[PDB]
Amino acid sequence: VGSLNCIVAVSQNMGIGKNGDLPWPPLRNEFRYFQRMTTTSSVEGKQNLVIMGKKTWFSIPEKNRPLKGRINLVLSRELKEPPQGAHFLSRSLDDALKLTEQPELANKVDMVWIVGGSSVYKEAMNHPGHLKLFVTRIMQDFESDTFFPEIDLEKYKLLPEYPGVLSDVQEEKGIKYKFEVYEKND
């Protein structure tokens, strides 16, 4: 795999989770952005792959698992098969990336999206080569118990804009946020 993508929504105090859910009330269009970015592939015959940790999998409501229109892969060091409804299980990110090149997934996977949580992001962000980080900055503090790893600015550059990503401050349910895209190359 020549490139990876991470996608996250983070509060101003770097929070991503609280009590097995998001720290902030649900933001419908922010969720639709996540859906659009992770689902969309114009390569006929392929789908995108989402990679997530075990707690993130179980944080998705049952009726919405697996995430529709995407191949769902869960990371765990302890499970011996995928959680019910998930398509694949790997012991690490590198194992997961190697899996996509074996006969079953060889001709089936377009983009790879890392969707959290903290340890999944941390590993992905140090993976060699080209990686983009799609980061929604929720412009408020929220009490959180799970946090997004620091963005190494020696490695990552904030892109001034990105095709298909809105540049202006957004607002839903009185909460302001903005969409950012970062990239590293080495």
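The first residue of the shown sequence is 1; numbering continues from there. Note that the rigid core is defined as the largest set of C-alphas that superpose within 1.5 Å between two forms.
The stretch that moves more in 7 other deposited structures of this protein, judged by CA deviation after a rigid core superposition and choosing between 22-30 and 121-129, is 121-129. Greater C-alpha displacement in 7 other deposited structures of this protein (rigid core superposition, RMS over structures and residues), of 102-110 versus 81-89: 102-110. Look at the C-alpha B-factors of 33-41 and of 62-70. On average they run higher in 62-70. When the two stretches 24-32 and 121-129 are set side by side, the higher mean Cα temperature factor goes to 121-129.
Sort the chain's modelled residues by C-alpha temperature factor and residue 180 lands in the lowest third, per the entry. When the CA B factors of the chain's modelled residues are split into thirds, the value for residue 46 lands in the lowest one. Placement of the Cα temperature factor of residue 134 within the chain: lowest third of the modelled residues, per the deposited record. Among the modelled residues of its chain, residue 114 has a C-alpha B-factor that falls in the lowest third according to the deposited record.
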